[PDB]
Structure formats: structure tokens, C-alpha cells
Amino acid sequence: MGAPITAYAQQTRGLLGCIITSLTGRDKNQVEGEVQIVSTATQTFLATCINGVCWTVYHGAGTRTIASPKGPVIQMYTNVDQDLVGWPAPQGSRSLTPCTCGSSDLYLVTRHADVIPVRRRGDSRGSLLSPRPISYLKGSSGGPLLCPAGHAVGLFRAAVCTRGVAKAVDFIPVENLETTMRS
């Protein structure tokens, strides 16, 4: 990967095609990118492909199957406690690689394809250098937090809000991903 981290988004389907696809569980669409904007019939969020696996937040995907060209695909991993789930990365996607530098300077990629700076304050916390309204981060759960090199340091899970403005973010560090696989 490289820097500066720049990202863009593309919508691939709408509400009706999404509902149909959700039921049939068969999606014939072409897949590209490291992060997929994903949706159930109740909510929409993100899923990040790290090392051949498409990871996302359990509180979003539950135990559901991901719709694929060959019909539904069951999850490879499920960890209610760590709030993780993973499916084999879709055919066409590009995976990110875990961070191996321990940089405290993280960058969150939102569902709007905006990358916002986050200062790591702990294993699963980092503070937004420029806080934003929580409505801005809605739908970004499952999205990546990269180090200056563009490597996955963790997955966005929850926001730390005060009066509707998020000051910090709660994430799932890649270590939990490794652990969830060994489990």
C-alpha cells in the first residue's frame, strides 16, 4: 500500500435490487476495492477485506450469510464477544495487510470515502483530532483504521459521543482478527 491515503466510493445497487439480492442471496455484480459498503435489510455499514477475508462488525452482520455469485456464503469466522465476523473475501476484492509499525497516527476511512485522523490512545481507542457529529460516522462500522502506510490497524466499531458529537472512536485491533482465526 502507499500514502497519501486517498479513497473514493461507488454505489453498486439500490434499495430494491438490494432487497431482492438479500432474499435470493445471489449477487452477480463485479466486486472491486478493499472496503465494501454493505447492507442488511435493517442497516448499512462497512466490511473491510484484510488478508483474503472480508471482515465486518458482528453487531451489523449478525450471523447472516453474504450474498455471492454462487448464492449465500456462510461466515468463516464469528466472534460475538470480539464483535467480529468474516466471510471469504469476494472474488475481485483487494485485501489490506495488518500494520507492522505501531504508529499512533491512525486514519479512519468513512463510508463517504473520507479519511479522518485518529490519535491512538489505547488498544481499542483513538481520539478524533477534529471531532465530527455522530451522524457523520453512522454507517461506517466495519470500516478500516490505517497507519500512515495504509495498513489495517483495526476496524471501526463504536463512537464515543458527548452531545451528538464524537470525540473518540472505539475499534477492533487486527490482533483480535488474528485471534478470532486461531479460535
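Rigid core (definition): largest C-alpha set, two forms, superposition within 1.5 Å. Just count from 1 along the sequence shown to find any residue number.
>> Stretch 133-141 versus stretch 31-39: after rigid core alignment, which one is farther off in C-alpha RMS in 6 other deposited structures of this protein?
In response: It is 31-39 that deviates more in 6 other deposited structures of this protein.
> Is 89-97 or 106-114 the stretch whose C-alphas end up farther from this model in 6 other deposited structures of this protein after a rigid core fit?
Replying inline: Farther from the shown form on average in 6 other deposited structures of this protein: 89-97.
> Comparing 110-118 with 126-134, which stretch shows the greater average C-alpha B-factor in the deposited entry?
Replying inline: Stretch with the greater average CA B-factor: 126-134.
> In the PDB record, does 162-170 or 16-24 carry the higher mean Cα temperature factor?
Replying inline: Result of the comparison: 162-170.
> At the C-alpha atoms, which of 41, 67, 61, 145 reaches the highest B-factor in this entry?
Replying inline: Out of 41, 67, 61, 145, the record gives the largest C-alpha B-factor to 41.
> By its CA B factor, does residue 30 count among the lowest, middle or highest third of the modelled residues in the chain?
Replying inline: CA B-factor rank for residue 30: highest third.
> When the modelled residues of the chain are sorted by Cα temperature factor, does residue 141 land in the lowest, middle or highest third?
Replying inline: For residue 141, the deposited C-alpha B-factor lands in the middle third.
>> Considering every modelled residue of the chain and its Cα B-factor in the PDB entry, is residue 102 in the lowest, middle or highest third?
In response: Highest third - that is where residue 102 ends up once the chain's C-alpha B-factors are sorted.
>> When the deposited Cα B-factors of this chain's modelled residues are ordered and cut into thirds, is residue 84 in the lowest, the middle or the highest one?
In response: Its C-alpha B-factor belongs to the middle third of this chain's values.
>> Could you place residue 1 in the lowest, middle or highest third of its chain by Cα temperature factor, using the values in the record?
In response: Highest third.
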